[PDB]
Amino acid sequence: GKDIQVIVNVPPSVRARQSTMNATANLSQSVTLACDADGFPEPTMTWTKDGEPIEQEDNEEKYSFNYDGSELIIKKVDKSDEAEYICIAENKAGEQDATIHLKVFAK
């Protein structure tokens, strides 16, 4: 294991980017949110919609994101998008967790 060119193994650090999101429903708009992660060597991570997994390898029905972060861009918000985004990360040195909220209001 290594940092870049030095023998160190750094435990992961995931955090809920702003802790509480909000959105206006019935507008069919798109919205971004995140529980961003880091570690060395590179981490692995997943997160849930109050209990069921939003796993980036199989759950993608109206959402997508970038690497070196967790910025999950959700399309067409309608009313069903409300969530308690508990998020977990792990790497070759350790394990970590956080939680985001998302209050979706119907005008």
# chains A, B, ... in the order shown; residues from 1 in each chain; ligands from 1
call {"tool": "residues_around", "arguments": {"residues": "residue 71 in chain A", "least_positions_apart": "5", "cutoff": "10 Å", "atoms": "only C-alpha atoms", "output": "count of residues only"}}
result
10
call {"tool": "select_by_dssp", "arguments": {"residues": "chain A", "states": "strand (DSSP E)", "output": "PyMOL selection string"}}
result
chain A and resi 10-16+20-24+29-33+35-40+44-49+52-53+63-64+72-77+83-90+95-105
call {"tool": "residues_around", "arguments": {"residues": "range 25-30 of chain A", "least_positions_apart": "5", "cutoff": "8 Å", "atoms": "only C-alpha atoms", "output": "ChimeraX atom specification"}}
result
/A:73-79,104-107
call {"tool": "residues_around", "arguments": {"residues": "residue 14 in chain A", "least_positions_apart": "4", "cutoff": "12 Å", "atoms": "only C-alpha atoms", "output": "number ranges by chain"}}
result
A: 34-39, 43-47, 68-70, 86-91, 94-100
call {"tool": "write_last_selection", "arguments": {"atoms": "N, CA, C and O atoms", "output": "compact mmCIF listing (two decimals), in the first residue's frame"}}
result
# COMPACT_ATOMS: atom_id res chain seq x y z
N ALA A 34 -25.01 15.12 -2.32
CA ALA A 34 -23.80 14.31 -2.13
C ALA A 34 -23.43 14.01 -0.67
O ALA A 34 -23.63 14.80 0.25
N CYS A 35 -22.76 12.88 -0.51
CA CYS A 35 -22.07 12.44 0.70
C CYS A 35 -20.65 12.04 0.27
O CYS A 35 -20.40 10.88 -0.07
N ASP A 36 -19.75 13.01 0.16
CA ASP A 36 -18.45 12.87 -0.49
C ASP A 36 -17.41 12.08 0.33
O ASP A 36 -17.36 12.22 1.55
N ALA A 37 -16.61 11.25 -0.35
CA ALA A 37 -15.65 10.35 0.26
C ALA A 37 -14.22 10.55 -0.24
O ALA A 37 -14.00 11.00 -1.37
N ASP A 38 -13.24 10.12 0.56
CA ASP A 38 -11.80 10.17 0.25
C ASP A 38 -11.00 9.10 1.05
O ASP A 38 -11.50 8.59 2.05
N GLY A 39 -9.77 8.75 0.63
CA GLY A 39 -8.85 7.81 1.30
C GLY A 39 -7.69 7.39 0.38
O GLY A 39 -7.77 7.60 -0.84
N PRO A 43 -10.88 4.59 -1.91
CA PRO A 43 -11.95 3.91 -1.18
C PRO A 43 -13.03 3.31 -2.08
O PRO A 43 -13.14 3.60 -3.27
N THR A 44 -13.88 2.52 -1.45
CA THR A 44 -15.14 1.95 -1.97
C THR A 44 -16.29 2.43 -1.07
O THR A 44 -16.09 2.58 0.13
N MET A 45 -17.47 2.69 -1.63
CA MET A 45 -18.57 3.30 -0.88
C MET A 45 -19.95 3.02 -1.50
O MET A 45 -20.06 2.78 -2.70
N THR A 46 -20.99 3.12 -0.67
CA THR A 46 -22.41 2.93 -1.03
C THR A 46 -23.30 3.71 -0.05
O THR A 46 -22.85 4.15 1.02
N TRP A 47 -24.58 3.90 -0.42
CA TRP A 47 -25.55 4.65 0.39
C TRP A 47 -26.99 4.24 0.11
O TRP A 47 -27.27 3.59 -0.91
N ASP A 68 -14.06 10.70 -7.42
CA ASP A 68 -13.38 11.59 -6.44
C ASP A 68 -14.39 12.48 -5.67
O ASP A 68 -14.09 13.60 -5.25
N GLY A 69 -15.61 11.96 -5.51
CA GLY A 69 -16.78 12.60 -4.91
C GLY A 69 -18.01 11.70 -5.02
O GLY A 69 -17.89 10.53 -5.37
N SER A 70 -19.18 12.24 -4.70
CA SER A 70 -20.44 11.49 -4.54
C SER A 70 -21.63 12.30 -5.08
O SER A 70 -22.75 12.15 -4.59
N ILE A 86 -28.21 7.70 4.40
CA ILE A 86 -27.11 7.13 5.18
C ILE A 86 -26.07 6.58 4.21
O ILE A 86 -26.40 5.89 3.24
N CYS A 87 -24.80 6.95 4.42
CA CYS A 87 -23.67 6.71 3.53
C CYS A 87 -22.46 6.12 4.26
O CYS A 87 -22.13 6.57 5.35
N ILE A 88 -21.84 5.11 3.63
CA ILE A 88 -20.79 4.27 4.22
C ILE A 88 -19.64 4.17 3.23
O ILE A 88 -19.86 3.94 2.04
N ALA A 89 -18.41 4.32 3.72
CA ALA A 89 -17.21 4.12 2.94
C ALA A 89 -16.19 3.21 3.66
O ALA A 89 -16.12 3.17 4.88
N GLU A 90 -15.37 2.52 2.88
CA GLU A 90 -14.38 1.53 3.34
C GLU A 90 -13.17 1.57 2.39
O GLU A 90 -13.30 1.79 1.19
N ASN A 91 -11.97 1.33 2.91
CA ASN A 91 -10.78 1.10 2.10
C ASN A 91 -9.84 0.07 2.76
O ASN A 91 -10.23 -0.66 3.68
N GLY A 94 -9.20 1.21 6.60
CA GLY A 94 -10.29 1.45 7.55
C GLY A 94 -11.70 1.56 6.97
O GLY A 94 -11.96 1.14 5.84
N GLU A 95 -12.64 2.16 7.72
CA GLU A 95 -14.08 2.27 7.42
C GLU A 95 -14.67 3.54 8.10
O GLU A 95 -14.21 3.92 9.18
N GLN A 96 -15.68 4.17 7.50
CA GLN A 96 -16.30 5.42 7.96
C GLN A 96 -17.76 5.56 7.47
O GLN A 96 -18.18 4.84 6.57
N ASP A 97 -18.54 6.50 8.03
CA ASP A 97 -19.95 6.74 7.67
C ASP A 97 -20.45 8.17 7.96
O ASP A 97 -19.90 8.86 8.82
N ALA A 98 -21.53 8.60 7.29
CA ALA A 98 -22.27 9.84 7.53
C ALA A 98 -23.76 9.70 7.10
O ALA A 98 -24.18 8.61 6.69
N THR A 99 -24.55 10.78 7.16
CA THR A 99 -25.98 10.80 6.77
C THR A 99 -26.42 12.17 6.26
O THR A 99 -26.25 13.17 6.97
N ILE A 100 -27.03 12.23 5.07
CA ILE A 100 -27.72 13.41 4.54
C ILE A 100 -29.24 13.25 4.71
O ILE A 100 -29.76 12.13 4.71
call {"tool": "atom_distance", "arguments": {"atom1": "CA of residue 83 in chain A", "atom2": "CA of residue 103 in chain A"}}
result
7.5 Å
call {"tool": "closest_residue", "arguments": {"among": "A:72, A:42, A:85, A:61", "to": "residue 11 in chain A", "atoms": "only C-alpha atoms"}}
result
A:42
call {"tool": "atom_distance", "arguments": {"atom1": "CA of residue 84 in chain A", "atom2": "CA of residue 48 in chain A"}}
result
7.5 Å
call {"tool": "atom_distance", "arguments": {"atom1": "CA of residue 92 in chain A", "atom2": "CA of residue 59 in chain A"}}
result
24.9 Å
call {"tool": "closest_residue", "arguments": {"among": "A:53, A:40, A:80, A:23", "to": "residue 10 in chain A", "atoms": "only C-alpha atoms"}}
result
A:40
